[PDB]
Amino acid sequence: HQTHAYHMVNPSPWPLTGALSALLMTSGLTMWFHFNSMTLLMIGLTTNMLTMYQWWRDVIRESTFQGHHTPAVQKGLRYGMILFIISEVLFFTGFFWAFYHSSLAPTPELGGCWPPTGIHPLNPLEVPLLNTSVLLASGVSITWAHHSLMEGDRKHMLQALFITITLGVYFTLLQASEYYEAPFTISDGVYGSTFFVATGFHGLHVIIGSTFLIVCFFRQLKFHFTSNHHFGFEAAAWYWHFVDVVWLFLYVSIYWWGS
Amino acid sequence: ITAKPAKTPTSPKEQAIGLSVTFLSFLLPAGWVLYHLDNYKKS
Amino acid sequence: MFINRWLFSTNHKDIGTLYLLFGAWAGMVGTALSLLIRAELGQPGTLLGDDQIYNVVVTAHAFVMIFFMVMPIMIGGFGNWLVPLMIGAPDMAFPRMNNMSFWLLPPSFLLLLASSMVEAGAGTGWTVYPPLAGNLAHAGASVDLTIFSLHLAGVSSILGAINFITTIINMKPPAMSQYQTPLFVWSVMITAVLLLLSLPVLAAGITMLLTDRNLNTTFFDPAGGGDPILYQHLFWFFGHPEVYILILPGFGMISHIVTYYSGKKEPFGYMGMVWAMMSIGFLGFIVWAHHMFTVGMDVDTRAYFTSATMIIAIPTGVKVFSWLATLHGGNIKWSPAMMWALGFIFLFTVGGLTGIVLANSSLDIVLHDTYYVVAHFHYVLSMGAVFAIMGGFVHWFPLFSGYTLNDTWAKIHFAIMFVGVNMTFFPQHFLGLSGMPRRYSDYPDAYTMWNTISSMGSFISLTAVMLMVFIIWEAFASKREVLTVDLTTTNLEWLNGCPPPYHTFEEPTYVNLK
Amino acid sequence: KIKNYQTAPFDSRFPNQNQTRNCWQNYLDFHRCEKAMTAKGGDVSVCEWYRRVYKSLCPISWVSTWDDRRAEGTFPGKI
Amino acid sequence: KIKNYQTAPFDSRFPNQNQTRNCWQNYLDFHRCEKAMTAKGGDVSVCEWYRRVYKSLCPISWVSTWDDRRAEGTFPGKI
Amino acid sequence: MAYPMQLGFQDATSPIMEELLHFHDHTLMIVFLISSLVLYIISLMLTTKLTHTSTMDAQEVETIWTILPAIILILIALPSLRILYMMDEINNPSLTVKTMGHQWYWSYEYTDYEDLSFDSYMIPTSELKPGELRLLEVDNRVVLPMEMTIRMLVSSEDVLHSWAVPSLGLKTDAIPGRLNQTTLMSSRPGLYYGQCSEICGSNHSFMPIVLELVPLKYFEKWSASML
Amino acid sequence: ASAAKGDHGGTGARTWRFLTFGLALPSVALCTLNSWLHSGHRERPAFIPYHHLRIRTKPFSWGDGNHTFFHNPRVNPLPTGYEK
Amino acid sequence: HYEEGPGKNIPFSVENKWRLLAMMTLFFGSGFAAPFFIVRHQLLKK
Amino acid sequence: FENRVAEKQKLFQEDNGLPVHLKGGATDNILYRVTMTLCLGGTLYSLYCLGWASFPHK
Ligand SMILES: CCCCCCCCCCCCCCCCCC(=O)OCC(COC(=O)CCCCCCCCCCCCCCCCC)OC(=O)CCCCCCCCCCCCCCCCC
Ligand code: HEA
Ligand code: HEA
Ligand SMILES: CCCCC/C=C\C/C=C\C/C=C\C/C=C\CCCC(=O)O[C@H](COC(=O)CCCCCCCCCCCCCCCCC)COP(=O)(O)OCCN
Ligand SMILES: CCCCCC/C=C\CCCCCCCCCC(=O)O[C@H](COC(=O)CCCCCCCCCCCCCCC)COP(=O)(O)OC[C@@H](O)CO
Ligand SMILES: CCCCCC/C=C\CCCCCCCCCC(=O)O[C@H](COC(=O)CCCCCCCCCCCCCCC)COP(=O)(O)OC[C@@H](O)CO
Ligand SMILES: CCCCCCCCCCO[C@@H]1O[C@H](CO)[C@@H](O[C@H]2O[C@H](CO)[C@@H](O)[C@H](O)[C@H]2O)[C@H](O)[C@H]1O
Ligand SMILES: C[C@H](CCC(=O)O)[C@H]1CC[C@H]2[C@@H]3[C@H](O)C[C@@H]4C[C@H](O)CC[C@]4(C)[C@H]3C[C@H](O)[C@]12C
Ligand SMILES: C[C@H](CCC(=O)O)[C@H]1CC[C@H]2[C@@H]3[C@H](O)C[C@@H]4C[C@H](O)CC[C@]4(C)[C@H]3C[C@H](O)[C@]12C
Ligand code: CUA
Ligand SMILES: [O-][O-]
Ligand SMILES: [Cu+2]
Ligand SMILES: [Mg+2]
Ligand code: NA
Ligand code: NA
């Protein structure tokens with residue numbers, strides 16, 4: 001049939017269900033903001049999760065179970081994941097740009113100073129520093145997981161990945177607590193705006209990245225990864241380091257320099 | 001480029017039909033709306 | 001089988017066909033909007049209503065022409081059809097994700113439709129500047145639907161960019177380096193890099209507008225310490241790259257068309273053409289504030305942006321002269337596609353040159369927010385991007401369909417369109433120099449003659465659009481099946497016949513190294 | 001009284017098209033001076049220059065809003 | 001306003017062991033105030049608080065050197 | 001103001017506007033020349049039966065078509081930036097006037113000595129006096145002294161606007177929370193017209209600017225008349 | 001920098017586990033201790049109805065429209081001040 | 001597998017040129033008409 | 001756990017002509033129909049909401 005190494009994918013419904021899920025989530029957000037109803041949004045969130053679940057289930061079937069991930073296919077996926085992370089970096093760049101724009105030139109409405117009059121920042125040496133050690137530590141433990149996997153060590157791969165996930169969850173719970181304890185809010189001018197939208201999109205990426213690591217954990221429990229072939233784990237590790245690095249920029253920029 | 005003769009040749013009469021139908025399909029609906037503009041700006 | 005094939009596609013050719021159909025339909029919508037604009041302006045006074053309904057039309061006209069006509073046709077349509085064939089690849093790297101880039105566009109378009117049907121529409125300009133676009137001057141759902149429309153179009157193109165870059169880097173024959181791939185492939189790869197980097201910034205910016213409108217943030221609201229000008233920076237950091245995204249695949253198609261109908265095996269100065277596209281793509285990221293020369297920036301910043309913008313003329317001029325040098329010595333075939341491409345070279349040059357006029361911040365004070373700008377960008381968009389699209393459509397229609405067009409009809413269509421676009425837009429230079437502002441539903445009486453002539457031009461272009469539909473019908477109606485084409489040794493996309501089989505390159509090409 | 005004031009002169013601290021801070025600075029300078037000259041036993045005539053400059057440069061609504069907020073206790077600049 | 005000055009009070013702007021900037025700032029403030037006054041005609045008496053604070057905090061040799069440099073035209077702070 | 005069938009800029013009313021006219025003439029010469037050269041070369045390439053289809057070497061010719069455009073760009077940028085820096089120069093004005101954009105009209109403040117302010121609305125077409133200009137007149141013009149350097153400060157109290165007077169070479173965006181400065185100097189008395197130049201909603205097309213330039217003694221009489 | 005540690009020869013699983021338990025998790029432990037020392041609630045500040053804070057240009061799409069999503073009555077005043 | 005060849009690689013039929021003309025007329029016509037009817041809708045709305 | 005990947009390999013390589021999203025068996029069809037029904041129904045509902053929101057109401 002073919003004598004190249006690339007993957008001809010079975011016709012699939014998940015592109016269409018994913019696109020429709022986008023329509024339902026966006027029109028659903030519109031209904032929520034303007035017509036006091038969450039109905040469409042809940043449908044859209046549900047169909048989005050169902051779509052991602054079935055699509056990535058199929059990628060596992062195609063690779064672990066059917067053998068379609070030749071080295072050429074794997075190399076493509078490596079490029080794809082790097083490019084996706086680059087687009088995510090540029091997304092965050094827009095929020096850093098907004099933060100520096102506002103904070104380097106504080107307008108008269110703020111008091112002409114930064115932090116604005118009336119804003120009392122979190123102490124960066126308290127929970128923000130703890131969060132920083134948590135994500136840095138999880139970058140060490142995920143690297144231990146990676147090396148254990150490459151060396152064929154199932155037990156220590158699972159232990160290290162579990163530690164990594166635990167730390168991601170710890171970060172998320174620390175941040176949820178800090179959001180609740182924060183004496184300023186998203187409606188507290190451009191300080192609250194930049195703080196909560198930038199750390200909030202970051203927190204979303206922590207949750208995404210943790211979920212990805214959890215998927216890897218269960219696939220590892222099911223023996224899907226070989227010591228040489230485990231791109232889902234590599235992609236989740238790349239994504240995790242990206243989440244760690246964004247945090248370090250947030251910490252230095254918003255929590256520390258911006259305090 | 002080279003090509004086989006038309007399997008289903010479209011005569012000049014046939015072309016005049018397809019052209020007229022095509023032009024009408026753009027012009028008549030827009031025409032109807034624009035003709036009735038004043039009829040809209042009062043309702 | 002119909003649903004499996006057309007809704008569940010994982011085939012680069014069928015997905016390309018969907019994009020071409022989508023973009024054609026969008027082009028009708030965008031044409032209708034342009035005629036409503038020109039009907040309003042075609043005599044003094046008010047036809048439709050005040051500036052609100054008028055600028056809902058203007059805003060929609062732009063979004064439709066850019067996001068639903070040009071980018072889907074050039075990148076989703078020609079890109080999906082041609083790029084795998086030109087590198088001998090069996091499909092795209094992510095054939096299933098590719099189908100989602102397509103199916104996100106009908107929802108995106110539906111959201112734009114919804115924006116114009118609810119409340120009073122989004123009468124903001126396609127730039128969507130606050131505070132006009134904020135929740136006090138545009139209360140209600142219209143601007144939020146417009147933001148969500150852009151979000152879905154953005155995700156479509158970001159994923160498409162990831163797919164094209166991966167395909168083009170990873171799926172060439174192992175002997176083929178990047179410097180053996182055709183210029184259209186280069187143009188798509190560079191366009192895709194620009195999309196990857198610029199759309200997330202736009203996404204950040206319009207998400208901040210969304211939260212200013214709905215979550216009580218104040219990124220752009222001075223009352224909270226925000227700044228409307230920050231929005232403009234974020235928008236244009238995307239918006240200048242975006243216009244190079246709109247033209248670069250066009251440059252790539254023009255290179256192929258001019259080479260082909262000059263009877264040449266290759267474009268003049270291949271590495272210079274690659275250099276020029278990479279240079280334009282890079283410079284396109286460092287010039288955005290030439291959209292902001294009247295907002296109050298410091299004089300040294302205006303000088304930097306004047307200078308950096310003008311230097312893009314240098315690589316662009318290399319491409320223009322290389323196209324001329326590709327014609328040089330050719331056995332010229334005066335095909336309709338060649339006519340489109342020749343019109344492109346000249347009229348794109350005129351529009352690029354009025355862009356260089358506008359790059360001078362001092363003169364831009366008088367020209368900014370006038371019809372001179374409108375004249376500049378319709379020469380590069382209505383007579384550049386569109387001419388490249390028409391040239392590529394008539395050139396490759398027999399490949400995609402298996403049927404030939406009537407060449408005499410296609411030449412008539414070119415002639416009508418050429419008159420119509422020049423009658424529409426050339427007088428708009430006079431309107432701009434003499435001070436007619438952008439985004440006006442009506443104008444002081446002195447501006448009547450050229451507005452009248454410009455609106456007459458827009459009707460001639462409408463006659464061309466209608467004729468194009470008939471021409472495509474005539475081709476499918478008569479069923480002249482292609483036998484052979486010339487120059488297949490240097491145009492690989494033709495070598496599997498017309499149309500190529502659903503699966504091509506199941507056995508890859510043989511290319512050795514030596 | 002070194003006057004014959006016509007309008008605010010060029011201020012090298014604020015040489016660019018954006019004059020927002022120039023209006024703000026002279027408004028703060030006037031009100032800081034006027035407060036100093038009340039709580040310590042002097043004359044506000046010493047503050048007159050800042051008064052003329054901010055009145056020349058500042059939109060009336062900006063002055064009016066800042067005045068209202070000083071009276072409310074919500075003015076965010078330090079006086 | 002009334003006196004009873006004993007020494008310079010705690011100043012939240014300078015809460016740490018290094019008090020160099022507290023001396024410096026109050027010296028600048030006094031001489032800035034004094035220049036402002038002796039001009040518009042008013043009274044250096046309104047500057048008195050800064051004078052008491054910087055005299056309390058500043059080493060005599062620092063004041064003397066800064067005074068000498070102001071007379072020389074070599075004082076590097078802005079007054 | 002513009003006049004019927006106008007092809008170019010409104011006549012320059014200020015020295016900076018005359019500089020722009022001469023700079024535009026210089027740049028348009030170059031645009032016409034390059035445009036016409038490209039058109040000519042296209043026709044030259046297309047009008048011979050002589051052929052040369054083998055590989056052509058490109059290096060030598062690409063020096064010429066990078067160096068020659070580079071020189072041309074420099075010949076545009078040099079006078080362009082000269083005028084840019086001229087517009088920015090310290091000019092020491094004798095008068096400051098503020099204008100505030102609104103939906104949909106302009107207000108003006110003359111607060112150098114007296115606290116004068118007023119609104120400026122378009123005259124509806126139905127109220128125009130005979131011979132007055134459709135969409136361009138206002139009820140209260142910006143009275144100003146001719147032959148004097150004036151500082152205009154521009155802002156907005158709602159959405160963006162932009163304050164423009166083409167024959168003076170002026171266009172300054174009106175942005176809420178921001179005070180933008182430009183300088184105005186009319187060589188002549190008279191009436192000078194402009195229009196809002198940033199999309200601002202329903203009546204963007206209908207909030208014009210009219211300056212009324214008069215001798216200083218007459219400007220003083222006018223201000224004095226507002227007490 | 002070389003930091004002050006010292007290992008390699010081979011970076012492998014054993015070394016990264018050594019870093020995980022010997023450096024990374026001890027650091028988390030110390031920061032956790034540090035953080036649980038400086039925990040405990042600050043005196044909440046006088047309310048001042050600053051116009052650049054407590055922004056309300058449209059009601060929130062939840063509750064009564066006037067409470068932020070993670071509103072904390074102890075430390076987040078409404079536009080009209082703290083709640084009872 | 002799917003059908004291949006001219007007129008078979010498209011989601012619409014070209015088996016009958018007059019059926020086709022109707023299809024194409026509905027397709028392009030509906031897109032060209034939609035803005036006129038949206039404008040009518042907004043003018044009629046209020 | 002024990003490594004049962006070979007048994008999944010056998011299942012998903014069975015020559016039954018099923019596309020991968022349905023090859024796991026009847027559960028796949030249920031989940032697919034749930035998903036598509038929600039998408040298509042929600043889309044129909046979103047169109048209804050457009051029609052409602054396009055005219056003055058409340
Ligand atoms: C295909 C046809 C479709 C129909 C639509 C039209 C198409 C356009 C073709 C028309 C072909 C016209 C060739 C040159 C037109 C210049 C007209 C002019 O007098 O320009 C005046 C200036 C401003 O000038 C002034 O400040 C004062 C002007 C009056 C001087 C005193 C004389 C008083 C009487 C005036 C008599 C009129 C003079 C005209 C003199 C005329 C000399 C040529 O305006 C401008 O800058 C406007 C131009 C802005 C940038 C475009 C330049 C690139 C064009 C080069 C190739 C043509 C591409 C066309 C694109 C298409 C060309 C193939
Ligand atoms: C395909 C789309 C496209 C393209 C390719 C371009 C290309 C260029 N554009 Fe344009 N532009 C737009 C679409 C495009 N633009 C749009 C849509 C807007 C409006 C946005 C809005 O406000 O809505 C706009 C606005 C715009 C402005 C802002 C004006 C304002 O709002 O006041 C400026 C200013 O510098 C500008 C400049 C240029 C320049 C210098 C180029 C250059 O890349 C052109 C380079 C080409 C040449 C110079 C011709 C070929 C060269 C030679 C033959 C060599 C010899 C030439 C010389 C020596 C000069 N453009
Ligand atoms: C690609 C972009 C594009 C294109 C092609 C056009 C084409 C046209 N434009 Fe548009 N226009 C914009 C982008 C475009 N425009 C933008 C970005 C703005 C600014 C918006 C703003 O201010 O916010 C604008 C603004 C604008 C204005 C100014 C409004 C104002 O300031 O008040 C006017 C006025 O005449 C105008 C008119 C026209 C006309 C008459 C055409 C005609 O030339 C159209 C004629 C028809 C075609 C060119 C065919 C299109 C269809 C196809 C190519 C599909 C063919 C099918 C197949 C190949 C299968 N446009
Ligand atoms: C466990 C929490 C810890 C980590 C944070 C995790 C979750 C963040 C989730 C999503 C973040 C995405 C959007 C950012 C929007 C704002 C949320 C900011 C983070 C957040 O949660 O902010 C909260 C406000 O949330 C609010 O308004 C309401 C937020 C809910 C509605 C969001 C609706 C808008 C979504 C728009 C997304 C567009 C995305 C487009 C991407 C396209 C890419 C091309 C802060 O609460 P507060 O009470 O004001 O102050 C605390 C006082 N005690
Ligand atoms: C509270 C609960 C909330 C839940 C919300 C969830 C939201 C997102 C969930 C997180 C992402 C989960 C991704 C799981 C991917 C599993 C499939 C997978 O990992 O597939 C791997 C391929 O990787 C690949 O496609 C790589 C696939 C890359 C996926 C990357 C996903 C990134 C996140 C996207 C969303 C970003 C949103 C940004 C918002 C601004 C399969 O190849 P291997 O691993 O080599 O196996 C083969 C070997 O067995 C052979 O021996
Ligand atoms: C306001 C709210 C707006 C909401 C908009 C929401 C719009 C989207 C709904 C999204 C539904 C997503 C469903 C899951 C998609 C998974 C795609 C994926 O994982 O694609 C993979 C490729 O992308 C790769 O790897 C690269 C890595 C994977 C990329 C996955 C990204 C998901 C999209 C999120 C949005 C990103 C925007 C980023 C910048 C801001 C695999 O490609 P396939 O062609 O499938 O198979 C190839 C076979 O060989 C595999 O065996
Ligand atoms: C900008 C793009 C638009 C370009 C212009 C379109 C070109 C004109 C197309 C013709 O359109 C028709 O014109 C008729 C008028 O000639 C209208 O009949 C109307 O007028 C008749 C006589 O006055 C009556 O018989 C009809 O009932 C009444 O509907 C009819 O509705 C309309 O479809
Ligand atoms: C426009 C952007 C500010 C965006 C913001 O306000 O958010 C600023 C940030 C950094 C600035 C640049 C840097 O200050 C470096 C250069 C300084 C020169 O005086 C002008 C060009 C110069 C290249 C600047 C152009 C422009 O003002 C930049 C790019
Ligand atoms: C070196 C590189 C590739 C050569 C090759 O490997 O084939 C070539 C391709 C295009 C060339 C450039 C273009 O021809 C444009 C410029 C032409 C000038 O004559 C030299 C600099 C100039 C910027 C060139 C430098 C260099 O020779 C480039 C960059
Ligand atoms: Cu005000 Cu346009
Ligand atoms: O954008 O040119
Ligand atoms: Cu640009
Ligand atoms: Mg503008
Ligand atoms: Na690995
Ligand atoms: Na009109």
Side-chain angles (χ1 to χ4, degrees), chain C residues 50-52 55 125 129 131-132 137 222 228-229 263-264 268-269 272 294-296 299 302-303 306-307 310-311 313-314 317-318 320-321 324-325 327-332 342 345-346 349-350 353 357 360-363 365-366 368-369 430 433-435 437 439-442 444-447 449, chain F residues 2-10 20 23-24 27 31 34-35 38-39 41-42 45-46 51-53 56 58 62 65-66 69-70 73 76-77 80-81 83-85 87-88 133-136 158-160 162 166 169 171-173 175-178 180 195 197-205:
Chain C
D50 57 26
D51 296 324
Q52 177 69 23
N55 277 315
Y129 285 1
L132 177 59
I229 303 312
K264 301 304 190 64
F268 185 85
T294 63
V295 307
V299 66
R302 290 185 268 119
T306 290
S307 301
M310 291 171 88
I311 64 193
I314 295 169
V318 170
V320 169
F321 299 132
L324 301 178
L327 297 174
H328 180 59
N331 177 16
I332 309 302
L342 295 177
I345 295 167
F346 174 62
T349 286
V350 172
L353 290 164
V357 178
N360 294 285
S361 47
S362 287
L363 240 213
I365 298 307
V366 187
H368 176 64
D369 245 295
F430 312 143
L433 293 175
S434 61
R439 291 152 169 181
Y440 271 25
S441 62
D442 196 8
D445 298 352
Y447 298 118
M449 181 175 278
Chain F
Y3 42 83
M5 296 182 50
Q6 187 171 328
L7 303 183
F9 284 109
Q10 289 178 44
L20 298 174
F23 169 71
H24 179 248
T27 308
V31 167
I34 294 172
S35 278
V38 167
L39 186 58
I41 291 171
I42 289 173
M45 303 296 95
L46 295 175
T51 59
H52 180 185
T53 64
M56 293 176 177
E62 296 209 0
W65 59 49
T66 52
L73 292 180
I76 296 163
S80 178
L81 298 175
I83 296 170
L84 192 72
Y85 279 88
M87 309 179 315
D88 187 66
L133 295 159
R134 200 177 66 91
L135 307 188
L136 289 176
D158 37 57
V159 302
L160 296 173
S162 189
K171 181 175 302 109
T172 291
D173 288 358
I175 297 144
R178 185 195 191 93
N180 272 338
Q195 293 185 282
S197 296
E198 190 70 44
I199 183 175
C200 56
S202 288
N203 287 294
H204 171 49
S205 305

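Order of the sequence lines fixes the chain letters, A, B, ..., with proteins taken first and strands second; residue numbering starts at 1 for each chain. Below, all heavy atoms of this structure are taken into account, side chains as well, without hydrogens, waters or symmetry copies.
Counting only distance, with no hydrogens or angles, the side chain of C:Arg439 and the backbone of F:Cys200 share no donor-acceptor pair below 3.5 Å. Side chain of F:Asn180 to main chain of C:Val295: a donor-acceptor pair is present (N/O by atom type, distance under 3.5 Å, no hydrogens or angles).
Residue F:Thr27 touches chain C through its side chain alone, counting heavy-atom pairs closer than 4.5 Å. C:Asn55 touches chain F through its side chain: at least one heavy atom from C-beta onward sits under 4.5 Å away, while N, CA, C and O do not. Both the backbone and the side chain of C:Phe346 come within contact range of chain F, each with at least one heavy atom under 4.5 Å from a heavy atom of that chain. For a residue to count as touching a neighbouring chain, one of its non-hydrogen atoms must lie under 4.5 Å from one of that chain's; by this rule F:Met87 touches chain C with the side chain only. Residue contact with chain C, scored on non-hydrogen atoms closer than 4.5 Å, involves the backbone of F:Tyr3 exclusively. Only the side chain of C:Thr306 has a heavy atom closer than 4.5 Å to any heavy atom of chain F. Only the side chain of F:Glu62 comes within less than 4.5 Å of a heavy atom of chain C; its backbone N, CA, C and O stay farther away. In this structure, the portions of F:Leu73 lying under 4.5 Å from any heavy atom of chain C include both its backbone and its side chain. Contact of F:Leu7 with chain C is made through backbone and side chain together, with heavy-atom distances under 4.5 Å. Only the side chain of F:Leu81 comes within less than 4.5 Å of a heavy atom in chain C; its backbone stays farther off.
The side-chain heavy atoms of F:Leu46 and C:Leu342, taken from C-beta on, include a pair separated by under 4.5 Å. In this structure, the side chains of F:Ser197 and C:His368 stay at 4.5 Å or more apart for every pair of heavy atoms. Looking at C:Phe430 and F:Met5, their side chains never come closer than 4.5 Å, going by heavy atoms from C-beta outward.
Contacts of C:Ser434 classified as side-chain hydrogen bond (donor to acceptor under 3.5 Å, both in side chains), with partners at least two apart in sequence or in another chain: none. By the side chain to side chain contact (heavy atoms under 4.5 Å, CB included) test, C:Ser441 pairs with C:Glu40, C:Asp51, C:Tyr54, F:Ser205, F:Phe206, sequence neighbours left out.
When all heavy atoms of C:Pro222 and F:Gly177 are compared, the pair lying nearest together is CB-CA, 4.0 Å. F:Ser35 and C:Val350 get closest at one heavy-atom pair: OG-CG2, 3.7 Å.
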